[PDB]
Amino acid sequence: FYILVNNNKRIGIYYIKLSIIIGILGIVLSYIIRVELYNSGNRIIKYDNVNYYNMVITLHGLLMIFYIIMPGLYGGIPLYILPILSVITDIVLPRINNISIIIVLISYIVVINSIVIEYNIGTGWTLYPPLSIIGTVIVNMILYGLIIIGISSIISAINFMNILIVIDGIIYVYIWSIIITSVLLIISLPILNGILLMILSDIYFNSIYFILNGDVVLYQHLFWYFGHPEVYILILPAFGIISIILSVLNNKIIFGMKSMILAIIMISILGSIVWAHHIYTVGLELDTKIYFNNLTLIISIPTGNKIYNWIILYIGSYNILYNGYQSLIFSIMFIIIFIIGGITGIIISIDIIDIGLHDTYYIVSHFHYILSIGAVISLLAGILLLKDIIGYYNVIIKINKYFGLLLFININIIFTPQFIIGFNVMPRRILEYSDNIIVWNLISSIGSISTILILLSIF
Amino acid sequence: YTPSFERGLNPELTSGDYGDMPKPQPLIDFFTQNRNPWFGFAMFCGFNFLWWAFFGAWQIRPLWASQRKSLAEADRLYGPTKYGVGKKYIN
Amino acid sequence: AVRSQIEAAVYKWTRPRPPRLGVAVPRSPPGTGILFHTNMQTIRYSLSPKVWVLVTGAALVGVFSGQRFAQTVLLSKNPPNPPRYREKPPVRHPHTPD
Amino acid sequence: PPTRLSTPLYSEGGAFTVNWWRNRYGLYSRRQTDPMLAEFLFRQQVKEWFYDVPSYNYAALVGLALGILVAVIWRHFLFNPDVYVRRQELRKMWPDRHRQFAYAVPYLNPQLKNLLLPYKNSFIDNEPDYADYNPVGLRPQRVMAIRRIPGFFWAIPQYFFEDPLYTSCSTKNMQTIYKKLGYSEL
Amino acid sequence: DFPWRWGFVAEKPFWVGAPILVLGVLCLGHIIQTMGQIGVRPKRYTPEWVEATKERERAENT
Amino acid sequence: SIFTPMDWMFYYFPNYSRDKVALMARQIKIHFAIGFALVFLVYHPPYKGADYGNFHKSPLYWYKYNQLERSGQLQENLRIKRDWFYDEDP
Amino acid sequence: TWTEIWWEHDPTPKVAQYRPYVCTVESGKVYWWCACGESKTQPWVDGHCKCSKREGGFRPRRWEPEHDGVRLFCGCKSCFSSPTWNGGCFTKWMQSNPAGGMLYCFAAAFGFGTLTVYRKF
Amino acid sequence: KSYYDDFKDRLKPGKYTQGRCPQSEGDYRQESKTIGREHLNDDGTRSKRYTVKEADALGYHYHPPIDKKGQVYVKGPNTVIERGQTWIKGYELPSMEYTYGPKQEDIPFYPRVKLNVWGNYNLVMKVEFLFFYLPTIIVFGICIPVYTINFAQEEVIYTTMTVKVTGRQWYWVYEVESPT
Amino acid sequence: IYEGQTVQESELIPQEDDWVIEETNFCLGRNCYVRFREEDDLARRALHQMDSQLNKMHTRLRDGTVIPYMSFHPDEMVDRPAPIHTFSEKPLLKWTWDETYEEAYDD
Ligand SMILES: CCCCCCCCCCCCCCCCCC(=O)OC[C@H](COP(=O)([O-])OCC(O)COP(=O)([O-])OC[C@@H](COC(=O)CCCCCCCCCCCCCCCCC)OC(=O)CCCCCCCCCCCCCCCCC)OC(=O)CCCCCCCCCCCCCCCCC
Ligand SMILES: CCCCCCCCCCCCCCCCCC(=O)OC[C@H](COP(=O)([O-])OCC(O)COP(=O)([O-])OC[C@@H](COC(=O)CCCCCCCCCCCCCCCCC)OC(=O)CCCCCCCCCCCCCCCCC)OC(=O)CCCCCCCCCCCCCCCCC
Ligand SMILES: CCCCCCCCCCCCCCCCCC(=O)OC[C@H](COP(=O)([O-])OCC(O)COP(=O)([O-])OC[C@@H](COC(=O)CCCCCCCCCCCCCCCCC)OC(=O)CCCCCCCCCCCCCCCCC)OC(=O)CCCCCCCCCCCCCCCCC
Ligand SMILES: CCCCCCCCCCCCCCCCCC(=O)OC[C@H](COP(=O)([O-])OCC(O)COP(=O)([O-])OC[C@@H](COC(=O)CCCCCCCCCCCCCCCCC)OC(=O)CCCCCCCCCCCCCCCCC)OC(=O)CCCCCCCCCCCCCCCCC
Ligand code: HEA
Ligand code: HEA
Ligand SMILES: CCCCCCCC/C=C\CCCCCCCC(=O)OC[C@H](COP(=O)(O)OCCN)OC(=O)CCCCCCC/C=C/CCCCCCCC
Ligand SMILES: CCCCCCCC/C=C\CCCCCCCC(=O)O[C@H](COC(=O)CCCCCCC/C=C/CCCCCCCC)COP(=O)(O)OCCN
Ligand SMILES: [O-][O-]
Ligand SMILES: [Cu+2]
Ligand SMILES: [K+]
Ligand SMILES: [Zn+2]
Ligand SMILES: [Zn+2]
């Protein structure tokens, strides 16, 4: 059979396959954006059809996060190797594992069908009210997808937590990363469901939470209470993969295993109580802003320890071993890229600096370096490491120095200018812009078209 | 390109019979890769990408000569007064 | 001539003494010679602590001495700003309706 | 860390000790099925986690972060005027909430604000004392600090009396310049 | 075991092919996006409009 | 302990650190109190810290201050360099 | 200094040259590198040195290029990336002549400081 | 040498694209009629009947493997008795040339070496300490500036003029006090 | 931290003056994509794949003992590609201790 299969390793493959398929739509949406931003004036989107652009950015953000990266890093690799890293045979809850991947597909079909049938309007991937609750039915459809996706995420989190009961070996660092990510989902998802229901209530049940005398900022607190743990849920599995790749490909025992494990735990605890650095410009109390700013900076301490522990893993490795394997290059590239993304995150953590850089392309570049480069490269690196175990072929990616170099150069061309544009300044979620920002936007656009061409070379 | 034989700091250690094994060469060969024209083309290439990445494409300047001149005149005639070396810069 | 004397003096003073091992290892049996071969994974050649300091110290002097050289010879100081005189602003904004 | 089960582990009395940890570690464990095996696994975990020197660094960090977290939460409820828990003031119109207004001024003047506000001149180059004077009296009059903020502020001199232009850029001098022209009052 | 395209590329030295590919890919990207705007001449980029902006900047001391 | 490598704590204070589990708890408790104390003793106290007439002047302050005071730099530094907007055009 | 002061049970090479040997190499051909510094066909084994005779722990070092080109080969016989050169020849020279190393490092540092300061300033 | 030439003979270039003739010439979709291959298609792939339509996991072709005595066939080891001892000779995998193709000669030498481990416990602990507190010191250096700038934003100022700004879709409305 | 096994001086004394560390090659050989035979059907290609497993390979020392393929994690212990059912017999994680009981010995 193909749909009835409960084998966890098969389901892991399905997660990877589905993420690539949905990735194409996400890439298409991303390509539409940079083509439009090539220069001032409409290029592929009519001025009378600006609503479509708002939908493109809204779906680009939603699909890439919930439908592409999260299934790939939290559903794909973990379902394949996690029961193997544990001494157990298969996943604890086989039937739940089957329904989780099916749920992800159905939610994807609902989302894309809504593009085709409903009027195309957008409110951003964060769905801030009141804009989200004064829109058309496409917003209702997107909410159903998120709620449905939430069901799959929570049941998958329950599945991984049960490994603690049955694990017959040692809890490796990678296993810890998945377990702690599951803990974050369990504590953050129910809060997300509650606020999403309130959005539906206003949209569909004549609720008045998001009109005058009802604080709209209420949504931002509850949403970001899940929002920031989500970004840490995306990256923590990537950290686990990097730890395995560096140790395995260098024949070096992981240094400071317990320090690595405690760093992951510390990040989750801190990541659950710093959500309001997304709300600096709303006008919070003085003491509130100081607290979140102070605690946000503290997240760098555990994150820094992991970076240094990774570096010493690569240092001193035997020279005779060939170092040009794509998996090793991607793992090393992650350290270089993540540091850039994290440092810029610390810059925008300072709230007064953030006043100028909120809702600008500097924030875009910040999370693209971490997610579009780092997370993707970590997912690529893990899949490459498991090529023999997974057994896929008909691609030239294992030893391809051209692909690694071209990818690194061109992605940096896309997003380095966006840091510069942030100070110029160019707002986010914008289709037109002043003529004097064209040069930097043009350079990034040339970077985007180049990256897409490179992907065709792997086949 | 029939490269030369560099004996080295200690000529005695390069005094044996090399047979078919390659013989040591001057260091200039390494930087030219034995004057491979494609290394020299890929070399001219290397400098172009570097230049674009740090200073922009200066190969478009010959086509931008006429429109740059008009921009310079506009700044001098109508733009805010420049002082000293500031006159050298036009936005 | 002077270079040779100073070169010899630094060479003699920098010859390393046996390390004070920070790990618990046995004493090699007396009369034990070479047992391994050159195909073993290469072990990086590391400078002794004295040599590392001297070389590293020289670079620090070089880099900052070069910085001072550029600032005093290659670069120039700002001349005083031009005097500020009362000027006539434009009569009208170019977009003022007529 | 002993390597023989015959040698006992020293334990203190209290709610977080070796004995306290042993009693609870194996409550949910399927692997600690007999004394010998249970002790071996218990000492294995204790050795791996509690005898790891770098682990104690994270223990300090979680304590500090949680301590701040609890204090800020508690401070808002206790002192923030805008936070209501009792209902007496919420049953009256705004002008009648006299008891709640008592929190306003003291909550507006925390110690740290008074200490650090004078150090604005480490950031602002021109007129760092533009907002120092306020005749209303809700806050103290501010006086610029005499030293730079410790840390990463190497751009400015260590003390402001070393800067030849510091006094010329003060709000007082600029006010003198513009008043001489009749340009503005401030 | 590889198609012609990879056998051709993988035969050359990496630092011979790599710099050429980087330049080539960037040039192709620029050319592709320039196709849709051949001969487009907005008025705001004409010399007359450029001068007017300079007049505005002088008046506004931008 | 604060800013202390615990290997030093293990070595120099064996009896105190004999119970590692208890030692870990004290590490958490001690740093919890510090964080709690900072908010309510350093930040919270109202109407305090406004005695700007009592700025601390460390010995390094006086060393540099006296050095410039001895010469004319201190007087020159404090002098207002410019108090007019426009220069006179000849 | 691993062989010199730390470990006395690994073979210790003789420095043939404190500079790399430039050689043209061909893909699909195997080369043998002298690890003792006494071969007369440097940087390759000549058939008469210790490496060729398998004497005193010295053995030839197998090497094969991926692509055709000109490559640098270790002459100091202690480069971490041996047979290929990575700069260990200069490092090992500084150990032998630390006074000279200071002069070179100072000069290199001086140039780097001037250029970096001049451009940024 | 070129190792590909050693096993060139084994690799005969293919005839059909993707390894199959057109279904009209040969119907690879049908189940094979060869005895003992009823579970396979003609081209060798597993038949849909075997894997889907009549899958044993669904109750088709019920055949318990275990026998009455609770035993299943097990292949014994290759035992040898010599020197007054019973020995077992392990099964060695075939030469990698047979499975992969390249001739197993001129293999580069990779010696045995034990794990590369960082030593000097005392030194290592200090490095771990620095990894934690060097970032902490940097954070402390930022903290004081952060407090100061936050206070500057919220400082109470003696403003003399008020401008009210209202955001609407999609324009800005400004309300100002008209002079008397 | 782990710094290798502890060694006593007596353990380093050789029984002959000509002893040197054995030069046994731990490179398993030259490999590439597993190359199947067109004549082999699905069943026999499966046998071919099972006979090309690197994790079933080892290096035999001079005393007859073998150092096998080893990995830090059990992910490298299953057949490549991973079969449907991997760990039919539970992998054993061997711990060591100094405890002993009399029943195991005989005098
Ligand atoms: C009290 C009141 C009472 C009221 C009573 C009222 C009753 C009402 C009843 C209501 C319920 C009705 C439904 C009941 C279901 C019953 C299930 C059951 O028991 O089945 C047994 C039955 C067993 O079958 P069988 O009879 O033994 O025969 C099976 C075969 O012989 C061989 O066996 P097999 O299982 O191997 O074969 C199946 C499989 C075999 O075929 C294959 O698998 C083909 C090979 C793979 C090719 C590569 C595919 C791409 C990679 C995907 C990777 C991820 C896969 C994840 C796992 C699979 C998820 C489906 O083919 C399919 O079934 C189709 C596979 C589809 C894969 C989809 C992958 C993603 C596609 C992405 C699309 C991107 C474009 C976007 C736009 C389009 C969006 C739609 O199940 C099946 O095998 C068939 C299931 C068919 C139902 C599927 C329904 C899907 C609905 C989707 C939502 C559509 C809504 C929106 C429409 C929009 C259109 C544009
Ligand atoms: C701006 C000029 C642009 C020129 C156009 C571009 C031309 C192509 C250049 C390609 C270079 C590729 C190098 C290999 C990759 C690097 C990997 C690596 O480091 O590992 C090697 C190796 C590791 O062991 P391995 O196993 O043998 O190597 C593994 C490979 O990855 C295995 O990789 P594989 O299998 O592909 O094999 C690669 C193999 C074969 O490699 C090759 O085929 C490359 C051969 C060298 C070609 C260099 C041509 C330079 C042309 C400069 C033209 C300047 C004028 C431009 C116009 C200006 C107009 C104003 O590489 C080697 O044998 C390694 C040689 C050591 C690295 C040498 C890199 C520096 C070369 C000299 C650059 C000079 C730039 C001057 C700029 C002045 C501007 C005014 O050791 C090292 O890591 C080497 C340490 C670094 C040594 C070089 C230090 C830099 C040179 C001095 C400063 C130059 C800048 C001065 C600026 C002054 C401004 C006023
Ligand atoms: C004034 C108030 C006073 C109140 C006093 C209250 C007193 C309460 C006493 C409590 C005593 C607990 C005793 C049991 C200890 C645990 C034993 C255990 O689990 O046995 C294994 C047992 C399986 O039996 P087994 O066969 O022995 O297992 C063999 C191993 O798998 C094979 O593994 P292996 O042999 O390789 O390694 C052994 C060990 C290896 O692991 C360990 O040994 C870990 C040891 C440390 C654990 C933490 C202890 C507390 C540390 C101090 C924290 C103080 C914070 C103070 C804050 C104050 C603020 C005001 O494995 C495990 O422990 C596996 C389970 C780990 C679960 C972790 C879940 C995430 C929690 C966060 C981690 C802890 C972070 C602490 C802070 C870090 C920063 C400093 O596990 C299970 O039964 C699994 C059940 C899974 C259920 C999941 C769903 C639960 C519902 C979730 C709701 C949301 C949770 C949100 C969490 C947020 C986290 C950030
Ligand atoms: C004498 C020379 C000059 C000395 C200067 C001294 C300065 C003071 C330092 C202290 C004194 C040092 C004295 C050392 C004495 C020797 C001691 C010793 O033991 O010697 C033997 C010892 C070992 O000997 P051995 O064991 O025999 O092996 C020797 C081998 O050669 C193996 O050697 P190795 O393995 O040690 O090789 C080292 C190599 C190893 O490095 C790696 O392996 C790196 C691998 C990752 C590469 C990542 C590339 C970048 C990625 C960017 C991401 C975005 C991509 C965008 C793409 C766009 C599209 C194309 O390091 C590097 O390549 C340097 C990387 C430095 C960071 C790079 C990033 C700079 C960012 C700056 C801020 C930018 C702000 C921008 C603002 C706007 C624009 C202005 O060797 C050394 O210690 C060698 C040290 C030499 C280091 C020189 C590095 C210079 C780099 C300058 C960067 C300038 C940046 C300018 C822009 C600034 C803007 C603000
Ligand atoms: C995987 C995704 C991911 C990850 C890991 C992070 C990690 C971090 N993020 Fe990010 N972030 C996003 C995804 C992510 N973020 C997204 C998607 C948004 C925009 C959402 C939206 O608005 O739509 C965002 C937005 C965002 C904002 C602005 C929110 C707004 O106002 O709009 C800020 C502000 O501080 C921030 C901070 C941080 C910090 C401080 C970290 C830290 O974890 C980084 C820590 C890492 C380092 C610091 C580098 C490693 C450490 C060292 C090299 C040594 C120690 C360094 C120091 C002490 C400085 N993030
Ligand atoms: C995982 C998340 C993810 C990923 C990969 C990307 C990838 C890219 N994104 Fe981004 N993007 C977001 C998440 C992501 N993005 C979010 C959350 C926003 C904010 C939404 C909002 O404004 O509300 C955003 C916003 C955003 C904007 C701002 C829109 C606006 O405000 O007007 C732009 C503009 O160019 C952009 C461009 C790109 C480009 C050019 C790429 C890529 O082309 C970069 C290079 C990548 C490739 C060439 C494809 C590589 C392959 C994969 C990524 C799939 C791999 C799959 C597997 C391994 C299974 N993105
Ligand atoms: C949320 C409102 C729910 C109302 C419930 C009513 C029932 C009351 C009993 C149960 C709830 C506990 C609160 C009881 C309070 C009794 C005393 C009282 O009235 O206090 C009021 C006073 C403020 O009221 P006002 O005077 O109107 O405001 C002045 C300016 N801010 O309330 C408080 O300060 C107490 C409210 C908070 C109590 C809970 C504890 C606060 C700290 C939580 C820390 C959380 C972080 C983690 C802690 C870890 C601890 C191990
Ligand atoms: C039987 C099990 C019961 C479990 C119940 C659990 C309940 C809590 C679940 C999580 C939700 C937390 C409540 C949400 C708190 C929101 C507070 C908020 O947004 O307030 C901020 C101010 O809040 C703060 O100062 C931030 C404090 C951070 C609160 C975090 C609480 C939840 C933390 C959960 C982290 C995970 C658990 C950690 C456990 C210990 C780890 C060691 C807004 O301030 P202003 O808009 O300026 O208004 C001020 C006056 N006008
Ligand atoms: O979100 O960072
Ligand atoms: Cu965040
Ligand atoms: K546009
Ligand atoms: Zn030799
Ligand atoms: Zn060398």
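Per chain, numbering begins at 1; letters A, B, ... match sequence-line order. Ligands are counted one by one from 1 in listed order, and the atoms in each one are counted from 1 as well.
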Atoms of type N/O/S from protein, distance to the Zn ion (ligand 13) below 2.8 Å: 4
With a 4.5 Å limit on heavy-atom distance, are the side chains of [X] and [Y] in contact?
X	Y	value
G/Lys92	G/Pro13	yes
A/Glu230	A/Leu234	yes
A/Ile446	A/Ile413	no
G/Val22	G/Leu72	yes

What are the atoms of ligand 6, with element, lying closer than 4.0 Å to any heavy atom of [X]?
X	value
A/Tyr53	29 (C), 30 (C), 32 (O)
A/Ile65	17 (C)
A/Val376	53 (C)
A/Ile430	32 (O)
A/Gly124	23 (O)
A/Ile69	1 (C)
A/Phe367	11 (N), 12 (C), 16 (C), 18 (C), 19 (C), 24 (C)
A/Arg428	19 (C), 22 (O), 31 (O)

Residue part near ligand 6, for A/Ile383, under 4.0 Å between non-hydrogen atoms: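 It is neither part, as no heavy atom is under 4.0 Å.
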[atom1] of [X] to [atom2] of [Y]: how many Å apart, nearest 0.5 Å?
X	Y	atom1	atom2	value
A/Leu406	A/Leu453	CG	CG	10.5 Å
A/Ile233	A/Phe226	CD1	CZ	6.0 Å
G/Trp63	G/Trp44	CH2	CH2	6.5 Å
A/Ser40	A/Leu431	OG	CG	11.0 Å

Contact (N/O only, under 3.5 Å) between A/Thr451 and ligand 6: no
From A/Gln418, A/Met70, A/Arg429 - option closest to atom 21 (C) of ligand 6 by heavy atom: A/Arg429
Heavy-atom nearest option to atom 35 (O) of ligand 6, drawn from A/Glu36, A/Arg34, A/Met426: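 Among A/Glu36, A/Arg34, A/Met426, the closest heavy atom to atom 35 (O) of ligand 6 comes from A/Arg34.
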Side chains of A/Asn410 and A/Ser450, donor plus acceptor under 3.5 Å: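 Side-chain D/A pair, A/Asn410 to A/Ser450: present.
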Residues in side-chain hydrogen bond (donor to acceptor under 3.5 Å, both in side chains) contact with A/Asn412, at least two apart in sequence or another chain: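 For A/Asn412, the residues satisfying side-chain hydrogen bond (donor to acceptor under 3.5 Å, both in side chains) (neighbours in sequence not counted) are A/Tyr369.
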Distance below 2.8 Å from atom 10 (Fe) of ligand 6: protein N/O/S atoms: A/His60 NE2, A/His368 NE2
A/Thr58 heavy atom under 4.0 Å from ligand 6: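 For ligand 6, residue contact (heavy atoms, under 4.0 Å) with A/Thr58 is absent.
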Sub-4.0 Å heavy-atom approach of A/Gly23 to ligand 6: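 It does not, in that no heavy atom of A/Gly23 comes within the 4.0 Å cut-off of ligand 6.
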Contacts table for ligand 4: protein N or O within a distance under 3.5 Å of ligand N or O, distances only.
| unit_1 | atom_1 | unit_2 | atom_2 | d |
| --- | --- | --- | --- | --- |
| ligand 4 | 24 (O) | G/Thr91 | OG1 | 3.2 |
| ligand 4 | 26 (O) | C/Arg44 | NE | 2.9 |
| ligand 4 | 27 (O) | G/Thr91 | OG1 | 3.1 |
| ligand 4 | 28 (O) | C/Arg44 | NH2 | 3.4 |
| ligand 4 | 31 (O) | G/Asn86 | O | 2.6 |

Is_contact(atom 47 (C) of ligand 6), protein non-hydrogen, under 4.0 Å: no
Sidechain-backbone polar pair: A/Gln326 side chain, A/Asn400 backbone, donor-acceptor under 3.5 Å: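 Flag set: sc A/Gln326 to bb A/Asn400 pair under 3.5 Å.
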